[PDB]
Every structure is written in structure tokens, then in C-alpha cells.
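Along the sequence shown, residues carry numbers from 1.
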Amino acid sequence: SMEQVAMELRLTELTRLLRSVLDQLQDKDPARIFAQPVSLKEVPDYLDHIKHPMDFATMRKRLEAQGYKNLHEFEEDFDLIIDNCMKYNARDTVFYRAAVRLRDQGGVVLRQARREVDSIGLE
């Protein structure tokens with residue numbers, strides 16, 4: 001149907017905006033601490049601690065499959081990256097501190113992303 005095509009165009013449009021958002025967020029992680037999933041070979045107990053692992057590569061996979069239907073779902077995954085890190089790692093670690101900086105700098109990006117999604121009407 002034509003309605004279904006229109007819905008798909010909106011989703012494709014949203015996916016384009018989120019790709020830009022994702023790139024901007026990942027630029028705030030120049031150490032690439034959050035670029036890939038935590039290795040279960042190198043951190044064998046990880047899933048005992050963290051029940052829903054997340055990372056930028058995994059987000060990018062979901063994004064390219066147009067698997068984010070709205071900005072809230074995207075934000076949920078970004079928050080998992082930060083929140084998982086701040087639980088597994090202690091305050092005095094480079095990992096925890098990197099997550100704090102990513103959350104702070106990323107907030108700016110997400111604030112305007114929300115305005116753009118609402119304004120253009122992409123969800």
C-alpha cells in the first residue's frame with residue numbers, strides 16, 4: 001500500500017538522522033572505549049554483572065537494519081552503554097570517567113536531536 005511506503009520513508013528518514021547522531025556521539029569517545037562489545041574471553045564474568053551489554057558497533061548494526069523505530073529506543077541503547085560501564089567499573093577508573101564524559105557531551109547532541117525529530121516529525 002502507499003501508506004506503508006510512506007511509513008517506510010519516514011523510518012528511512014529517521015535512520016538517516018540517527019546515523020548522524022550516532023556519529024556525533026561516537027566522536028565523543030576518541031579512546032574508542034565503547035566502540036566494541038566487551039569481550040567475554042577477556043572479561044569472563046561480565047554477564048554475571050551486566051544483563052544487557054551494549055556498544056557502538058552493536059547499535060550501528062541495529063541502525064543499518066532500521067531497527068530503531070523512534071528516538072527513545074536509540075537513547076535507551078546509548079544509556080545502556082554508559083550505565084553498564086558505570087556499574088562494572090569503579091569511580092577511579094579511566095573506564096568510568098570516560099562514560100561520565102560521554103554522557104555529559106552526548107546530552108548536548110541528544111537534546112537537539114529530540115527537537116529535530118519532533119520538528120521534522122519523524123516518528
Side-chain angles (χ1 to χ4, degrees), residues 1-2 4-6 8 10-15 17-40 42-60 62-68 70-110 112-119 121-123:
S1 80
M2 196 47 241
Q4 290 305 134
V5 167
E8 290 159 5
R10 190 171 71 180
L11 178 60
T12 295
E13 266 308 309
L14 174 67
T15 302
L17 181 155
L18 293 183
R19 186 176 302 117
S20 171
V21 176
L22 188 58
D23 290 341
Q24 294 180 59
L25 293 177
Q26 189 156 20
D27 287 337
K28 310 297 182 168
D29 172 32
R32 296 194 71 84
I33 290 167
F34 306 105
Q36 299 290 331
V38 173
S39 171
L40 302 178
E42 306 172 345
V43 188
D45 72 352
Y46 192 66
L47 298 186
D48 294 337
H49 292 262
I50 299 304
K51 296 304 168 178
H52 299 103
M54 190 47 55
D55 64 275
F56 282 131
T58 300
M59 291 190 64
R60 198 170 293 278
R62 181 165 168 188
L63 179 71
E64 288 309 320
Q66 301 191 337
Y68 294 113
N70 55 59
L71 174 60
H72 180 78
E73 294 187 343
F74 179 98
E75 281 200 60
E76 282 192 334
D77 270 356
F78 177 65
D79 283 334
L80 277 178
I81 293 178
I82 303 303
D83 294 341
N84 288 345
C85 184
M86 293 177 68
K87 291 176 191 64
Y88 190 82
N89 301 286
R91 277 194 297 286
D92 66 340
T93 64
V94 58
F95 306 108
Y96 183 109
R97 286 164 181 274
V100 167
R101 290 164 61 85
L102 178 57
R103 166 157 280 165
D104 289 349
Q105 298 192 248
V108 182
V109 175
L110 290 172
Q112 192 57 39
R114 163 57 62 193
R115 297 193 63 86
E116 289 180 357
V117 166
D118 294 350
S119 155
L122 294 180
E123 67 188 18

Next on the checklist: To the closest 0.5 Å, what do you measure between CD (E123) and CG (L17)?
Outcome noted: 10.0 Å
Next on the checklist: Please determine whether a side-chain nitrogen of the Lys or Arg among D23 and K28 lies less than 4.0 Å from a carboxylate oxygen of the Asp or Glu.
Outcome noted: no
Item to check | Carboxylate-amine/guanidinium proximity below 4.0 Å for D118 and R114 | outcome: yes
Next on the checklist: When you measure from the side chain of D55 to the backbone of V38, do you find a donor-acceptor pair of N or O atoms at a distance under 3.5 Å?
Outcome noted: no
Item to check | Criterion side-chain contact (heavy atoms from CB on, under 4.5 Å) on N84 and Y46, from CA distance to verdict | outcome: CA-CA 10 Å; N84 288 345; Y46 192 66; 3.8 Å; yes
Checklist outcome for this item: On a heavy-atom basis, the closest approach of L47 and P53 is CD2-CG, 3.6 Å
Next on the checklist: Are the side chains of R91 and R97 in contact, using a 4.5 Å heavy-atom criterion?
Outcome noted: no
Item to check | Donor-acceptor contact present, side-chain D29 to main-chain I33, <3.5 Å | outcome: yes
Checklist entry - How long is the span from the CG atom in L122 to the CG atom in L71, to the nearest 0.5 Å? => result 10.0 Å
Item to check | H49 and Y88 aromatic ring geometry - parallel, tilted or perpendicular at 30°/60° bounds | outcome: perpendicular
Next on the checklist: So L102 and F78, do their side chains get closer than 4.5 Å, heavy atoms only?
Outcome noted: yes
Item to check | Exercise: identify the closest heavy-atom pair between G121 and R10 | outcome: O-CD, 3.8 Å
Next on the checklist: If you compare all heavy atoms of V21 against all heavy atoms of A113, which two are closest, and at what distance to 0.1 Å?
Outcome noted: CG2-CB, 3.8 Å
Checklist entry - Can you tell if the side chain of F74 reaches within under 4.5 Å of the side chain of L25, non-hydrogen atoms only? => result yes
Checklist outcome for this item: Between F34 and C85 the two heavy atoms that sit nearest each other are CE2-SG, 3.7 Å
Checklist entry - For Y68 and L11, which heavy atoms make the closest approach, and how far apart are they? => result O-CD1, 3.5 Å
Next on the checklist: For the CZ atom on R103, are there more than 12 heavy atoms of other groups (residues, nucleotides or ligands in this structure) within a distance under 6.0 Å?
Outcome noted: yes
Checklist entry - Considering only heavy atoms from C-beta outward, does the side chain of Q66 approach that of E8 to under 4.5 Å? => result no
Item to check | Atom pair CD1/CE of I82 and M54 - distance to nearest 0.5 Å | outcome: 12.5 Å
Next on the checklist: Would you compute the distance between atom CE of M59 and atom CG of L22 and round it to the nearest 0.5 angstrom?
Outcome noted: 5.5 Å
Item to check | Pairwise distance CG(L63) to OG1(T58) - rounded to 0.5 angstrom | outcome: 12.5 Å
Checklist entry - If you round to the nearest 0.5 Å, how far is CG of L40 from CG of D45? => result 10.0 Å
Checklist entry - Looking only at heavy atoms, which two atoms of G67 and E73 are closest? And how far apart? => result O-OE1, 3.7 Å
